[PDB]
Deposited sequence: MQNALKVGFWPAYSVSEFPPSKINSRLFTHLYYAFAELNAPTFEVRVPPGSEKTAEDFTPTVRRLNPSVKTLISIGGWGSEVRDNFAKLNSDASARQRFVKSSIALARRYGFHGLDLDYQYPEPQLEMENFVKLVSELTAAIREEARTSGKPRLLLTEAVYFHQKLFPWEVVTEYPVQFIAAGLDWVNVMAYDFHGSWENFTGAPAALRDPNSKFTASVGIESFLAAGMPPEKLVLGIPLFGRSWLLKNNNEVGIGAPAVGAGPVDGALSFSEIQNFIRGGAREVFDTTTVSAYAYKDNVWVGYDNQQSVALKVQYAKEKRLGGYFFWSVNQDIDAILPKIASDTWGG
């Protein structure tokens, strides 16, 4: 029963690792170590060494059984560019593999995660396969030589097994992934946002082709063992500015990104509601939204999270993950999620 949370190092001054309620998790990720092109000596951002070192001892104080992983990469054009350069170069792949394993041990992490959005087109999937295969072997080798349990290995995946469902450029090799990785983190969010001029449920469980369930279905149909899938749930919402203040439902016309640049933390959504926004639960999509004047935000709330976590349990998944834990300062949704699975 995997209860996973991502902590982004950017949030340190407002949400240090000590603020994480680690009682509500089995695994916590430090996001992110950098690829460090062109040498690919993987490292935490220079100047954050102390934060990275203290992360695991700090979170374990509240729940000593909690384990940690360090995630490499993250969303971003530069990260994608760097994985693409890395994966085509056998020597660079060797440097990456050696340095990433050494990094996890250096800072006391129990595993590694690759956050690569995304290994497409086909050539990029093929070269990512080379990187991951070599990493899996090196992880097993380090376990033998050190005598310690092998590092865990996970990766972020698109919500769907096919990249992309509308135009198939490539797809995740599920048998390969099941063999080399402990699990994958299914990014079942950002289905809708301010890039569309109409409001929608950004992480709809069901509805449309862009839903968490359809994505999960696609991985299972391909032959992914259910226990290898960990369902992502966002701790942020996607916001729009409304074209008309009297049109406030799902599918309402919009004119651009709401605060803050199209994304709002769950905690800020709670502030929004306490400041007069109306919360609506949408049963059709299994989601929530809130609005006030010209601002509209779609997100997951207490009810939709419980429904998603039960869904994951029903689908026999390995568990769930939250992106990202700093966005729910009072850990409202991680509490509901943990209680639901138990």
Compare the deposited sequence with the modelled residues and state the ranges that are missing C-alpha positions.
-> 1-3, 211-212, 348
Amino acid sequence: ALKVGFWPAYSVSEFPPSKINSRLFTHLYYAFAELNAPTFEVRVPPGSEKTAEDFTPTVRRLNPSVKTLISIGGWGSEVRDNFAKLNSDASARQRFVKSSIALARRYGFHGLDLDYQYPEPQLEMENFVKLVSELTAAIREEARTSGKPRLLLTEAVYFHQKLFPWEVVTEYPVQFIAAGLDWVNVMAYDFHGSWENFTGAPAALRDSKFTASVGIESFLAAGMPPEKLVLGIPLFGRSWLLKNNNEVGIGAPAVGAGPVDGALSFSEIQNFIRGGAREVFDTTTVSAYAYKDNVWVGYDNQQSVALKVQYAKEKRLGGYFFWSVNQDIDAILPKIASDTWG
From here on, numbers count along this sequence of modelled residues.
Select between 312-320 and 55-63 the stretch whose C-alpha atoms have the higher average B-factor in the entry.
-> 312-320
For the C-alpha atoms alone, is the average B factor greater in 231-239 or in 138-146, going by the entry?
-> 138-146
Between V255, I101, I269, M125, let me know which has the highest C-alpha B-factor in the entry?
-> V255
Looking at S265, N82, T211, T154, which has the biggest Cα B factor in the entry?
-> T211
Among the modelled residues of its chain, the C-alpha B-factor of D190 falls in the third labelled middle
Position of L69 among the chain's modelled residues by C-alpha B-factor, lowest, middle or highest third | lowest
Consider only the C-alpha atoms of the modelled residues in this chain, order them by B-factor as the entry records it, and name the third containing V12: lowest, middle or highest.
-> highest
Using the B-factor values recorded in the entry, state whether the Cα atom of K162 falls in the lowest, middle or highest third among the modelled residues of its chain.
-> highest
Third of the chain, ranked by Cα B-factor, where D182 sits = middle
